[PDB]
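Okay, structure first, notes after.
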Amino acid sequence: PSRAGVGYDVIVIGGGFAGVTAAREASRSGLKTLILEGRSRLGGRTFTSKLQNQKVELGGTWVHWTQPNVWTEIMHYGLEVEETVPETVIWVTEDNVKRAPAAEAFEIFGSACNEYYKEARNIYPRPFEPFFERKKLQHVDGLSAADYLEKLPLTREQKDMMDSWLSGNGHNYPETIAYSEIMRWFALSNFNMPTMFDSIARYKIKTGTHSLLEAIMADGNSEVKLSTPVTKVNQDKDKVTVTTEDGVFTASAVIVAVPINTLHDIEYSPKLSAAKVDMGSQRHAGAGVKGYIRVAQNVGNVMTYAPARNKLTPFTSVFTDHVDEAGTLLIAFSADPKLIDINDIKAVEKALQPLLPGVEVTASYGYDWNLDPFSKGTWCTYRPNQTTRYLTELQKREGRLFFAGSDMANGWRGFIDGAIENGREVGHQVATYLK
Ligand SMILES: Cc1cc2nc3c(=O)[nH]c(=O)nc-3n(C[C@H](O)[C@H](O)[C@H](O)COP(=O)(O)OP(=O)(O)OC[C@H]3O[C@@H](n4cnc5c(N)ncnc54)[C@H](O)[C@@H]3O)c2cc1C
């Protein structure tokens, strides 16, 4: 390392895409760098695994060239993408089920989106520059997704389809999710609903998200310690002392790249600013269910919508991954784990009956990101007021403590792309700070 009295120039706490991108950035600047990771693996809220004979993504999955950082890195390393999924759309409204060819359902849904998203260009004309229209964003940031929904002249059917979509975006009940965050997704999709569909659930890395993570790691020169939860971070004038459950490590600068819902799992000295305290106490809105379901039947390429609260089914959305000769692989989301145990095959089979009657579930699994102490929640969509109250102060360095993550990115906050974007600029600021 450069200076005396430290073990490292840079310690990165957390080895998701954000921490790994920051550690590549720091170590390729010639800084002696260590990643401290609490789990037995790198990847964080991305986790490539297996379900039956299928390679699956238990967390973060889909990517697009609307996402500058992850698309840059995909091409950087010569990786390929393939496609997930629609023929028919099934939706619940007033606790009744309808189905129709996809284009007909999209006539109703798109007309609703036309109304729901009409202010997005006014609030985020530069989506990677959150506060370019600070005052207009401030005017609406108090609104939840449900609040804005109740202001619109839509049919109940249109409102029910939006409820499904909005709940799907934030992974929670619509009243918990910032309306402005809904506008952000649309703005990042170039104010075009088909581009939004393509960006958030279509293309995936052929060799898995883990192949990109390892490419980034292998391009750096950083050390790694796995299965090493950090318990204390202590900063003085000259260095940072990081206490873990298996060793003490010092650095001239530390990048805290943990999910914001786990900020209070670490003990900090001096204490952190009110923005970190409040965000870590309030959490972002992402707290739902994601699972993979195997049904014996061939149901084709379906996509389903249902409100977060309905009498028929706990799933806000179910859609075909691919059809097979063992049946259909479905992907299913719910707003609330209390509504369905995604690993209970019988519970799940009953949950699907209103949408795909007679279907037989042979396998069902979802990773529990909510109870995993190293995530405590799913992807990050802010709650009302959080963007304008906390984003900038959340991003800020405090002495020798820097902060990184998709949970605080400027652009595709809540996505793999946001983690890489934020990790790369924070790692560069650290390199600059260390001169
Ligand atoms: C179910 C689900 C599906 C998703 N699907 C998509 C998708 O399709 N497309 C998309 O773009 N994004 C998706 N996302 C979002 C994406 O997965 C995340 O935004 C991203 O992976 C997180 O990057 P990060 O490095 O900022 O955070 P994390 O991956 O959470 O990095 C945090 C890391 O730090 C570690 N850590 C935490 N606390 C400590 C501690 N005290 N000591 C040591 N280590 C610690 C954690 O174990 C973890 O390895 C999804 C998220 C979820 C939950």
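All residue numbers refer to positions in the sequence shown, counting from 1. Order of appearance sets the numbers: ligands from 1, and atoms from 1 within every ligand.
- Using a 4.0 angstrom heavy-atom cutoff, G414 counts as in contact with ligand 1.
- Relative to the ring axis of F47, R41 places its NZ or CZ within 45° and under 6.0 Å from the centre.
- Near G405, meaning under 4.0 Å from one of its heavy atoms, ligand 1 places the atoms 26 (O).
- Which parts of ligand 1 touch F17 is read off a 4.0 Å heavy-atom cut-off, strictly below it: atoms 25 (O).
- Near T378, meaning under 4.0 Å from one of its heavy atoms, ligand 1 places the atoms 53 (C).
- Salt-bridge annotation for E393 and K276: absent, with no side-chain N of the basic residue lying under 4.0 Å from a carboxylate O of the acidic one.
- Not a single heavy atom of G418 sits under 4.0 Å from any atom of ligand 1.
- In the displayed structure, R99 atom CZ is contacted under 6.0 Å by more than 12 heavy atoms of other residues, nucleotides or ligands.
- When the options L36, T46, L213 are ranked by their closest heavy atom to atom 21 (O) of ligand 1, first place goes to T46.
- Other residues, nucleotides and ligands place no more than 12 heavy atoms under 6.0 Å from the NZ atom of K206.
- Among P373, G60, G38, the residue whose heavy atom lies closest to atom 44 (N) of ligand 1 is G38.
- Side-chain contact, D147 with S144: a donor N or O sits under 3.5 Å from an acceptor N or O.
- Here's the thing with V258: none of its N/O atoms is less than 3.5 angstrom from an N/O atom of ligand 1.
- Between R389 and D278 there is no salt bridge, since none of the side-chain N atoms of the basic residue sits less than 4.0 Å from a carboxylate O of the acidic one.
- Using a 4.0 Å cut-off between a side-chain N of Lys or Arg and a carboxylate O of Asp or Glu, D372 and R39 qualify as a salt bridge.
- Close contacts of ligand 1 with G43, meaning ligand atoms under 4.0 Å from a residue heavy atom, involve 29 (O).
- Note that CD of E57 and CD1 of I331 are 10.0 Å apart. Values are rounded to the nearest 0.5 Å.
- The number of heavy-atom neighbours closer than 6.0 Å to NE2 of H428, taken from other residues, nucleotides and ligands shown, is 12 or below.
- For ligand 1 and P229, the ligand atoms under 4.0 Å from any heavy atom of the residue are 42 (N).
- Note on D265 versus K376: salt bridge recorded, some NZ/NE/NH1/NH2 to OD/OE distance being below 4.0 Å.
- Considering only non-hydrogen protein atoms, atom 42 (N) of ligand 1 sits nearest to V230 N, 3.0 Å.
- Inclusion of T228 in the set of residues having an N or O under 3.5 Å from an N or O of ligand 1 is not warranted.
- Remark: ligand 1 atoms within the under-4.0 Å shell around heavy atoms of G44 are 29 (O), 48 (C), 49 (O).
- The cationic group of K232 does not satisfy the cation-pi geometry with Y268, failing either the under 6.0 Å distance to the six-membered ring centre or the 45° limit from the ring axis.
- In terms of protein heavy atoms, atom 23 (O) of ligand 1 is closest to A419 CB, 3.3 Å.
- Checked options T378, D407, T209; the residue passing with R45 is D407 (criterion: side chain to side chain donor-acceptor pair (under 3.5 Å)).
- Scanning all protein heavy atoms for the shortest distance to atom 9 (N) of ligand 1 gives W62 O, 2.9 Å.
- Note: no N/O pair closer than 3.5 Å links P259 and ligand 1 by distance alone.
- Salt bridge present: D324 and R294 bring a charged side-chain N and a carboxylate O closer than 4.0 Å.
- Residue, atom and distance of the protein heavy atom nearest to atom 17 (O) of ligand 1 are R45 O, 3.1 Å.
- The distance criterion of under 3.5 Å between nitrogen or oxygen atoms is not met by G14 with respect to ligand 1.
- Polar contact with ligand 1: absent for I266 (N/O pair, distance under 3.5 Å).
- Of the polar atoms of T61, at least one N or O is found under 3.5 Å from an N or O of ligand 1, judged by distance alone.
- In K50, the NZ atom is crowded: over 12 heavy atoms of neighbouring residues, nucleotides or ligands sit closer than 6.0 Å.
- Annotation: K290 places no N or O atom under 3.5 Å from an N or O atom of ligand 1; distance criterion only.
- Compare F47, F415, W379, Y203 by their heavy atoms: the one nearest to atom 52 (C) of ligand 1 is in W379.
- The aromatic rings of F415 and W412 lie perpendicular to each other, with more than 60° between the two planes, well past the 30° mark.
- Between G291, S406, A409, it is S406 that holds the heavy atom closest to atom 19 (O) of ligand 1.
- When only non-hydrogen protein atoms are considered, atom 46 (C) of ligand 1 lies nearest to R39 NH1, 3.2 Å.
- Distances between N or O atoms of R41 and those of ligand 1 include no value under 3.5 Å.
- Only the backbone of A257 comes within 4.0 Å of ligand 1, counting heavy atoms alone; no side-chain atom from C-beta on gets that close.
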